[PDB]
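Chains as they are written, first to last, in the deposited numbering: chain A, 5 to 622, 762 to 965, 1051 to 1223; chain F, 80 to 674, 711 to 1015. Idealized CB from N, CA, C, for every residue including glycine. Notes to accompany the following structure.
Listed below in structure tokens is the structure:
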């Protein structure tokens, strides 16, 4: 038959191409060329062709010869698979070290060796950090074991895989070198996050949810257990940063793999179409496509025998980027996958023109085509016009394997549903909605009586003896024992904060039902849960988040115990907010979700249950006396702080003759007494002494960084001020916050509170942070303290004292008011603008455009040379950073703002004329001329000298400060007149303006 | 960081047995899974470790030596060698054979261990390497080899038995299991199996020359092997080992064994002589062999032995903290009972080893214990644990392959097929005129007849891999059994004839009686060592040059007897080749598709070159021509140019002419020129060595070389040819003829050489010449160089006869002494003499002190026999030696008759 002939031809091609260098015993193919190395990614990707060919044989075998062929192909696949597994399982120490903290030194090697599977290089000679390779490896491992090949034999390999799951589970906040092993855009590589790694890891973690490695003949302990919050975090990170690969790269071609055949992890197909159109319109070439803009790899310049690119990529790497047909051969598979056929034919006819025929007349895929070293000037004026020449190695196994797999797919021998038995093709199918179940219980009989008084029927912790409730920290400590082995020195999953997605589902531990309360009702960690309004808002946002995704089967279940702290002052009735929230969550509509009430008896029959198997059995005395006799919280806190700092970090105070009362015990006990008074004047003070840290601070920090924003801790000036431009571990971040806040103690707590508030604000309303580029917590503190001082008309100390005493809701409202933006009238808004440096949306582009037509803009000695316009682009962050650094030399906010309107008026005026100034422009001189003209005009009118006052250290009238921007008497007209006069002063006696 | 091969393999076998036992439950919860995968992982690891070393395998395939032996111990953490081969030896074959047997066991069970074709090639190379185990001595299972523990290697019966079992099992089996067409088979040579069986049957009664009995014989003759199919000899071996090795606490390893005993010290690897005498009586104890005897009893269906051995094992077994059974390794006696134990064997109580309380275990012991308990509890059946039916009962031994014939064990009535093919049409019509029917090859067009070198080159073609570097099967001659089959190459049938019919440069192939005797011997060998399905095929060719006039009568008689139907009690069948080839199984080789003289030495030595050349030109005598060619080659060299081409070509031409003319002296002298040797000396020397005799090569009255262990053909050829260059000219072919005749006679008439220990060809031929001179009498003695092969064979058989009266008793004494004849029971008589000789015996200046030989030696060991032969061989006059040995026998008789 024809099918037999085609399968024989495809087998011959595969045999002659890839299998000839299979390297048995080890099973690791060389990574192309005469390099004598084995890259994990290439070895993983080079088996898909053989895999699909073997599956094509298996269904149509029906004969001994074809049965043997399928058998040998599958055995070769499992050989290669075990060859990959052995090299990593030989290196358990590095993964164990990486499981705690994040560093490049304790990371797996990316280039393993040939026979004996040894190391070839040290830890300081290559970039040994690639999460994408491990993630995609585990994805294909899951797919193959779901297909029905036995890959895992020993049970210790299950523990190693479980440890590797924790190894890769932190990819959403870990910076990596990248898929190209080149760091960021320029060299001297700095670790930086990219979307490709996170997108690759999301599907890898999703695939191993319940897929056992022992097939249909497994046991009670054969399934890898994975959480759910990391998947949602990865999805959110991908959605936030889908259009751009990274913060330094405008677009990378590698995003195609994430949004195509391997590891479909994307939603909102409109963004898929947008990124496909963008990559087509920007990276398409003549005989291929480029990875990303401004790469110099394999160029007739650059002195290839040298690394660590000098910062002189002005035009030496523009429009001469060679080619890469890999992304072209991706398109044919992407088109043929779902429903597209004409695009498949178009791409096939496009790629058949760029093939090279070698020995025996077989297809061969070149790596890249290089621009000739002579025809370089023409390409700068006529891009994508000059023909290129093949250059570099071309035994490209990755591209050839993917192309032959695509051709076999298009031939119709094999169905799309066989490559992926997990059915990952239906990720674009919408899910309508889910219904959330919430249960209410009372702590004591008094609370039950109070609730029944208002008509609410609940039950206590008693009477439901078969079920039990306990906090989620116990659940995390329980989770800290999964995948623990003593012979292999494996410590299991490290302790982490547990999300709300895991506590919702029910649990089974030794024929018992357990339910875990949410983590935000924990008063032993932080005091922000002592406010009823905040409790309500966290319930609302958590219900919304739970009803949003809910990608796991069954209905949710939330337990909301009512505590003694949520009664009134008299303790005889619940607060109005709590009763109102209960009434809203009744009748099936609360917040933005449907909430159904009832009892645990009804919910047990319809709710997801998770079966857990791994927990189955296998003079100081004078000061102490003064403290004892004295009263009042102020002296109490003061004396305890002095004792703790001076001799009492852990020393026993001996205040009780029968119980050894340690200082820490006394401070812990003081919390109970402070709680009833609701005195927000010393609770922060004692919390700073005990150094309480807020959980999930790193997640909020990386959420803030992901929005193209730069964070900063520490009050001005330099060098106390810092710059957190990259994600940092929890310990490093806490230490940095400590050193920035110095000994003021409360500064760290208020900074953490502001960071949490900004993190919660970012998700809900990401529109108030426009016109803003560098967030400054210290400047926010200064602005808010000044605002409260002005409102209360008191001194700075009184304003600060009122500041600490405000409830968290007061800080919420005041921060929202300041962010919204809602003599002595205009000066206040001007000072607020200068303090918050709220520059307009298109400031940098216009500044660049004007710099294109002048030698520079001097600001009090410091000069902004015009040579930077060709070294940078308006989209890059470094140009904005240098512009802000030039503009922030002056300390006065009013000076900064007036410089802003002066440079803008110069920008608008430059458009009218068509000339080159050919001189340096001083903005301060223009501002002084405008001020002098305003002074002269006001003197001409006849105003008395009192109103034309002079500031103590400015030289600028306060009435000019108070003047409104627009109008026939505004500052803008004076600035325009001064700028025009200055332009005329350095102009060859001819303006020649027209528009 | 040290790991052995045997213990891990046994643990894997036990785990596989437990998995098979648990497989009988459909709700197993996957418990079979981890056991099966553990077995697979262990086997993959051991296979990887074996394939890590590749150069050593290739080196051993050509030059088997301890230096090139495959390493057996390596680091378990990374699979690398940690210890040098100068402190271990590393040479051991039983592990490889047992690994092969177990791997084919689990492949037949249904497990998957091999993935690609490369491992098939590696298995082929391993089989080729282990085919040659019957010659190279091994270090033994216990690593000590000889009981003296000095650093010498001796042959072990258990290793060769395991090799034979593995070779038999591996034949004709699909390695990939369920699926396989043409790249999953294993090819086996029957000659190696036959030689291994012969070595077993010769060496089976005594495990080694220096060891009368050892406990290591049980696994080779128990469940792990099932190799001894002789019942009565099996019973006597079992009775002997039980009687001589039974102990109160189990079975000892063997007699006079100071292994990790109280007196042993960790300061001397090699034991000093006479220490073994002090080491007796304090031998350590191993209870593990109770489990093996339990196994044997339960497979033999004898519950009485099961119950007795279980009762014996119950008290000696130890318990853990939880009560888990413990089997310690060895038992030792404290220092207080070092002398009290000697007077009363077993009276005192021993003490347990370190691995009997806590913290140390003997995983091999618990593995065997658990498998024996599993079998005793009847949780499985013997068939399940042995799917390859290694052990069969007496009533099923009727139609098995490679073991027994269809006629039954106690029957031998095989019929051998023989095909008659002519060579020339004139010879065919001449034979037809006398009634003899034969077919010239040109009417057999569909079938092809090829010589024996086609098959060896084809076998060299297979087993070649490019990635690793592989030479395939070595180019070795193929036996008659291999050539008796029918082959198919490229779809063409190929049939070959035995190597006896092809042209031979030697001279004895021109004698009709020698060829008749040789073909009769080949027919007997085919009859008695054939067990394959289907009648064997034999091809015989007759040349027109064989008739050579009056010599045409015996071939007529032989052909008439062949036509009659019986040849010396052997049934034969004759018919055309086409009918025989049709309807017969043909074996497939498909691998190729995938892939007096007037000149004296002294007088003419000083003659010039041109004079010698002219004399060579104008002379017609063969002897003069040969001697002139010899002088020319000795003086000028083989590269000189003569009137008839090069010197070598002229020598070959004159030698062939002499062979055609049948001048025995001329052909022998030319053969000495040709620097040629027979390709069968090594089998003769190795069979002489395994018999227990000794061979010495040399000339009478000159230097002689003694051989005690097998040697490579290169060294033996070198030494014999250097000796030949030293002393004489035509001797080399003479010792060749004598050794081939002696080997043939000892093969067919073994009892004729009874009483022989040291065989010396020079003394034999001297006695031959002396007897011929006596027979001549008045007439001058006929020269031995001019005697025909029939005459020398007859004279050798006459002199080798037991001899009778009539002739002078002096001649009988001379011929007995020249052969170094010894009376039966002489050695034991000498030993009982020395035991009753307080001072010693001094003969011809040699001293035999009693103390060292009593403190080093025992009754039946060979070292004493060697020493007494050495001290006896200093007597110059052979009849004087015979008188001395007769006097010794008389003294022994008279002293044993009266002890007063």
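- Residue 171 (chain F) is outside the set of residues whose beta carbon lies under 7 Å from a beta carbon in chain A.
- Contact note: residue 258 (chain F) reaches chain A through 68, 71, 72, 75, using a C-beta cutoff of 8 Å and chain order.
- Across the set F:94, F:910, F:872, F:901, the C-alpha of F:910 shows the shortest separation from the C-alpha of residue 890 (chain F).
- Using a Cβ-Cβ cut-off of 8 Å, residue 236 (chain F) is close to nothing in chain A; its nearest Cβ partner there is about 35 Å away.
- Our two residues, residue 116 (chain F) and residue 65 (chain A), have alpha carbons roughly 28 Å apart in a direct line.
- Excluding residues up to 5 positions away in sequence, 882, 885, 993, 994 lie with their Cβ nearer than 8 Å to the Cβ of residue 929 (chain F) in the same chain.
- Between residue 83 (chain A) and residue 195 (chain F) the beta-carbon gap is near 7 Å, inside 8 Å, which marks them as a contact.
- For the pair residue 481 (chain A) and residue 499 (chain A), the Cα-to-Cα distance works out to about 7 Å.
- Between the segment 920 to 940 of chain A and the segment 851 to 861 of chain A, the count of C-beta pairs closer than 8 Å reaches three or more; the two stretches touch.
- Listed in chain order, the non-local C-beta contacts of residue 1007 (chain F) below 6 Å within the same chain comprise 944, 948, local neighbours out to five positions each way being set aside.
- Rounded to whole angstroms, residue 188 (chain A) and residue 399 (chain A) show a C-alpha spacing of 28 Å.
- For a Cβ distance threshold of 8 Å, residue set 72, 75 of chain A lies close to residue 255 (chain F), ordered along the chain.
- Of the residues F:817, F:821, F:816, the one whose Cα lies closest to the Cα of residue 808 (chain F) is F:821.
- Given a length threshold of 4 residues, each whole run of the alpha helix (DSSP H) inside the segment 588 to 636 of chain F is given here in chain order: 591 to 607.
- Annotation: residue 765 (chain A) to residue 503 (chain A) spans about 49 Å, alpha carbon to alpha carbon.
- Contact note: residue 119 (chain F) reaches chain A through 157, using a C-beta cutoff of 7 Å and chain order.
- Of all residues in the segment 205 to 221 of chain A, only 218, 221 place a beta-carbon less than 8 Å from a beta-carbon of chain F.
- Look at residue 613 (chain A) here: in three-state DSSP terms it is strand.
- Contact between residue 236 (chain F) and residue 148 (chain F) does not hold, since the beta-carbon distance rounds to 20 Å and is not under 8 Å.
- In the DSSP assignment, residue 56 (chain A) falls within the alpha helix (DSSP H) that extends over 52 to 63.
- DSSP places residue 88 (chain A) in the uninterrupted alpha helix (DSSP H) bounded by 68 to 93.
- Within chain F, the residues 108 have their CB atoms less than 7 Å from the CB of residue 224 (chain A), given in chain order.
- In the three-state reduction of the DSSP assignment, residue 922 (chain F) falls in the coil class.
- By the 16-neighbour rule on beta-carbons within 10 angstroms, residue 458 (chain A) is exposed.
- The CB of residue 115 (chain A) never comes closer than 8 Å to any CB in chain F; the least such distance is about 20 Å.
- Of all alpha-carbon atoms in F:905, F:364, F:471, F:761, the one lying nearest the alpha-carbon of residue 378 (chain F) is that of F:471.
- In this structure, the CA atom of residue 546 (chain A) is about 24 Å from the CA atom of residue 962 (chain A).
- Assigned with DSSP and collapsed to three states, residue 938 (chain F) falls in coil, not helix or strand.
- Burial check for residue 810 (chain A): the Cβ neighbour count within 10 Å reaches 16 or more, so the residue is buried.
- When only Cα atoms are considered, residue 166 (chain F) and residue 795 (chain F) end up about 36 Å apart.
- Here DSSP, grouped into helix, strand and coil, assigns residue 21 (chain A) to helix.
- DSSP places residue 395 (chain A) within a strand segment (E or B) once states are collapsed to three.
- With contacts defined by Cβ atoms closer than 7 Å, residue 292 (chain F) and residue 239 (chain F) do not form a contacting pair.
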